[PDB]
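In: Take this sequence and fold it.
(chains A, B, C, D and E, ligands or ions: 1)
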Amino acid sequence: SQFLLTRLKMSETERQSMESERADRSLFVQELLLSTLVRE
Amino acid sequence: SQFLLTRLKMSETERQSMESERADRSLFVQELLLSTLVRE
Amino acid sequence: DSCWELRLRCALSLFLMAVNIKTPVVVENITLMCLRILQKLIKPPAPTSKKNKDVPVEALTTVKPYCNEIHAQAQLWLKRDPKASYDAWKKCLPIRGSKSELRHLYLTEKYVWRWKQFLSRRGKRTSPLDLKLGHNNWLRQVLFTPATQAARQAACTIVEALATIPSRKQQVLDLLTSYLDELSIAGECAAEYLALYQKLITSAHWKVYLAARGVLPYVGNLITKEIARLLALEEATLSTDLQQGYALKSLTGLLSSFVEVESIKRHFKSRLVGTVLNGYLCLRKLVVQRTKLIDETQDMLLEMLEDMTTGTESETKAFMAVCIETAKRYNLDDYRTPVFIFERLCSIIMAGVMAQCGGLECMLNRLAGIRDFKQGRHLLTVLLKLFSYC
Amino acid sequence: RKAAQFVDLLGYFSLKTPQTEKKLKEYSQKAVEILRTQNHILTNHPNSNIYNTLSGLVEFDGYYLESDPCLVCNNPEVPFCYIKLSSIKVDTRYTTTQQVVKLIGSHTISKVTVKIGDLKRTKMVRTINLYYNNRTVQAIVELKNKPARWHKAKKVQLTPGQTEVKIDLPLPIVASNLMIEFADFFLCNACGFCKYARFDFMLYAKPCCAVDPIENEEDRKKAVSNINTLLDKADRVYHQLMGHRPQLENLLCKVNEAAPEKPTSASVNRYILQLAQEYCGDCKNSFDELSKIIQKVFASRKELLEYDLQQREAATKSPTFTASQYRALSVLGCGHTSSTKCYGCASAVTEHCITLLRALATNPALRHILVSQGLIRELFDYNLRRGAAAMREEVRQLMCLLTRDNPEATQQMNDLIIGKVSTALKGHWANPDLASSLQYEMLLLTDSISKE
Amino acid sequence: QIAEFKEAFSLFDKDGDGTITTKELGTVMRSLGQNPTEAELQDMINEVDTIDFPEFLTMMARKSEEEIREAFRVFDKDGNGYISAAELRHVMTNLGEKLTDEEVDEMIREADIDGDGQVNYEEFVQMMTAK
Ligand SMILES: [Zn+2]
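Out: Numbering: from 1, shown residues only, chains lettered A, B, ... in the order given. Shown next is the structure:
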């Protein structure tokens, strides 16, 4: 616990932004996966 | 020991020929190995 | 991080390059990892922000996908196409937001869509794909793979998440229904897939929509084919299988689930009585290749038969007609199934309807075919009882 | 594994009979096709990864992770043994001149050796009668009834003063309760003490899986109920057995990493110990219980089906069949077929294919046809690294023999070896397993060179 | 053709009274091979409205130049008969779409054959009838 290097926070607005970005990334991956199942 | 397929001789002149051929094959391999140690 | 797209491209390339290999070592060591990566990306962790403590994931997106098109295109995306990137895709979607207002919105959306279609048709704008899912893919391969169960579970989670807006859910349900015939080939390995399917149709209107598309005859045909295979196997060999009757049990349970609600029970009873009656008789014929699952299937089939045989006079007449129809095909030497048919008829006694349908000659030939008394006492007793009834 | 003699004879006859080239081509095609099909089955088997990883770490006899138990692999050839009658005893009752015994279970008795000690001249036994039955009862006095419920086995007459007698049975008997009667000339009715002599019994028997016969309808009902109970127990045991697979795959995944652990039979890696305990300790016990229950179910089904056939024939008697049709219809041809998805049986078929191909390759024309089929690549890619050590050496010998005097085949084999070695050596630096997984290619090269 | 619509209506009929709920209205013609949109669905609810067979048949029978004229009137808010880039931008913003000035200008320009940089009623009619 005395090692200094082992010890080498986020606000709320950026938390909302991160959650929204996670949402759009999920939607994009969903549509990308749907695109590979289309009929040929 | 009752299996038939498990049981599926050489004369003297062909033995002499085989020993001679072994001798020349040995000599050829010797010279082939000596050829790779020459100066460059 | 900000380079997430390149990592996702690597993962997806590895997934699609190694998704069609049947070897268990590849499924366990390559496909499962890519499936877990995709599952983590599709289903993000629950939000912790104070405002968004209650709302789900679908309520957080800043754009709204179109109902009947797919704008993301994987074939160009995997080749590093600047016109098919993530920002390019997100730029093509609209931001999340009286009678005349509704009308104006309708025609504006419709004719703007037509304008864009013409612009893509003649100009240079990229044309979105159509939402029509193929019936042969990697999805059926992954959903029923016997190499490892975790791959099946991850695929089930992915396909469950792929069905959120009803436009996609309709196609997803259609594909899963098409996958129904894999139950017999992959008996216990389908345990996950079934658990997904029943969850996706847990609402009444989806069951009714599937019924309208002609799924009840499909399940009936599958059940009859499985019962016929069971009879053929019972006739020939004497092997023991610890999984016998799983697929038949699952299909019968699914049919009972489709029937429990009122509308399809009332509508589709006239077309399903013959199948259920024949299946019940054939299952009762089993004497050696009988297990607990077959017993439960027979019990449920009997309960279904009891439930459907309750209605007006026209349906009772139709049921009698189909009962005589199934009595016709049975040969004159067996003395078990006709006894059941005729005691059922006498219990439901109706007495003159078979005069109209012409079933009298059937029972006349049944009397004429009796050449022995020791082995035909029950048939004679029931036939005489119904003759006195008639 | 039952077809060793058949493939032996097939190879010998194919080697001795001179035949046209078309017949030789057809025969070689059939052999190679069977080999290819078995290799394909083996490489895609759901349990193939687990068995392949387990082979090099633990020592195990059978494959205990099979969904459908295989009658061929579950039924080894058990030999007879000499068992003392008292060791299998459960309950006994004596009368004045008879002795009734019940055993733990059924047994296939072949011979009975009876020993006499402390005999007295006052009275000895002149005739011994043996009786047996295979009906299980809980009370000996219940089965004491003489006439109806016993079957004759053997009557033996003794010369006066005999000390040991060998009651041989020409046909082995499947018995659960036994009776011995002294016909021509003693025993305590309560304890069975005999003052005239002392009798000891030996049996040439082995454990047998059999059930009570069916004679009437309530016996059929009891058989049906018992078979339902056995099926339920088998289902429970089968689920308990198949529940072990996720833990086995987790342990395999952890072992594959091969991370060093810091701490001589206890100094082996703990994950290897856990793998051995999980497979050879618990899966083996579950598999054995499942096989026992499956055998009991099979015997019960056979008895029930025989009774049904007899009853149907009796009802019909109030169609000639040829000799082969009788065997096809009857219960004789019922329990000699292997399961379709069986790892051990596919391995045995591959062994037979390798042996037959080794026999066939000794004909130069057949050798040329086989190498034209493309056998060398199939043997190189599949059978070099799979099987026991003896099988691997036999495959190496067959591959060497296939190129005995064919420059093209030798060039093909050398190309395969050189390509694999170069491909591995290119990435040897970043992965040493590539350099250490060339032992079979180099062994093949050594074997090919050592044969002039 | 009436038989399929009647069968679908009856199959979606819950209480057996010959009437369904409008919440399941989209599913009825979603099962018939047609694919509607949410705005289409609210419009269809508005036009008629619990629906009985006659109204359902009326809705199905309408599944005309009056529609094109109404769309042109909605596009031309000022009623001047000419569709400016500003009007199209306002319509797109109301619909929620996002577009650039260059893209909208190119769309308007590709919609003009006369070279006047404006959309006429005849031009829109010809664009709609293009096959
Ligand atoms: Zn086997």
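In: for the closest residue to the ion within the stretch 151-300 of chain C, helix, strand, or coil?
Out: In the stretch 151-300 of chain C, the residue that lies nearest the ion is residue C:239 (12.2 Å; Cβ to the ion). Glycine gets a C-beta too; all of them are placed from N, C-alpha and C. Secondary structure assignment for residue C:239 (DSSP: H, G, I helix; E, B strand; the rest coil): coil.
In: State the number of residues packed around it.
Out: Neighbour count of residue C:239, defined by other Cβ atoms under 10 Å in any protein chain shown: 19.
In: residues touching it, list them.
Out: Residue C:239 sits next to D:71, D:337, D:339 when contact means Cβ atoms under 8 Å, 6 or more residues apart in numbering or on different chains.
In: And those residues, which is closest to residue C:13?
Out: Set against residue C:13, the nearest of the contacts of residue C:239 by Cβ to Cβ is residue D:339 (39.6 Å).
In: The closest one reaches residue D:74, doesn't it?
Out: No. The criterion here is Cβ atoms under 8 Å, and residue D:339 misses it with residue D:74 at 9.7 Å.
In: Out of the contacts of residue C:239, which end up buried?
Out: Buried members of the contacts of residue C:239, scored by 16 or more other Cβ atoms under 10 Å in any protein chain shown, are D:71, D:339.
In: residues contacting residue 20?
Out: You didn't say which chain, so I picked chain A. C:60-62.
In: Actually, chain E is the one I wanted.
Out: E:9, E:12-14, E:28, E:50-51.
In: What about these, which are in helices?
Out: Secondary structure from DSSP state H places E:9, E:12, E:28 of the contacts of residue E:20 in helices.
In: show me the contacts for residue C:177.
Out: Neighbouring residues of residue C:177 by Cβ under 8 Å, 6+ apart: C:197, C:210, C:213, C:215, C:218.
In: and the gap between the first one and residue E:31?
Out: Meaning residue C:197. Distance, residue C:197 to residue E:31, by Cβ to Cβ, to the nearest Å: 18 Å.
In: Might you report the residue contacts of residue C:217?
Out: Shown in contact with residue C:217 (Cβ under 8 Å, 6+ apart): residue C:271.
In: if we go to 10 Å?
Out: C:268, C:271-272, C:275 (Cβ atoms under 10 Å, 6 or more residues apart in numbering or on different chains).
In: Between the contacts of residue E:20, which sits nearest residue D:50?
Out: For the contacts of residue E:20, the minimum distance to residue D:50 (Cβ to Cβ) is 50.9 Å, reached by residue E:12.
In: what about the closest one, neighbour count?
Out: Count around residue E:12 with other Cβ under 10 Å applied: 21.
In: Skipping adjacent residues, who's closest to the residue in chain E that the ion sits nearest to in space?
Out: Taking Cβ to the ion, the ion has its nearest neighbour within chain E at residue E:31, 49.8 Å off. Excluding its sequence neighbours, the residue lying closest to residue E:31 (Cβ to Cβ, 6 or more residues apart in numbering or on different chains) is residue C:212, at 4.5 Å.
In: Wait, the one you found touches residue E:13, no?
Out: No. Taking contacts as Cβ atoms under 10 Å, residue C:212 lies outside contact range of residue E:13: 11.7 Å.
In: Residues that sit against both of those two, list them.
Out: With Cβ under 10 Å, 6+ apart, residue C:212 and residue E:13 have common neighbours residue C:267.
In: picking that back up, would you mind giving both backbone torsions of the residue of chain E closest to the ion?
Out: phi -80, psi -10 (degrees, to the nearest 10).
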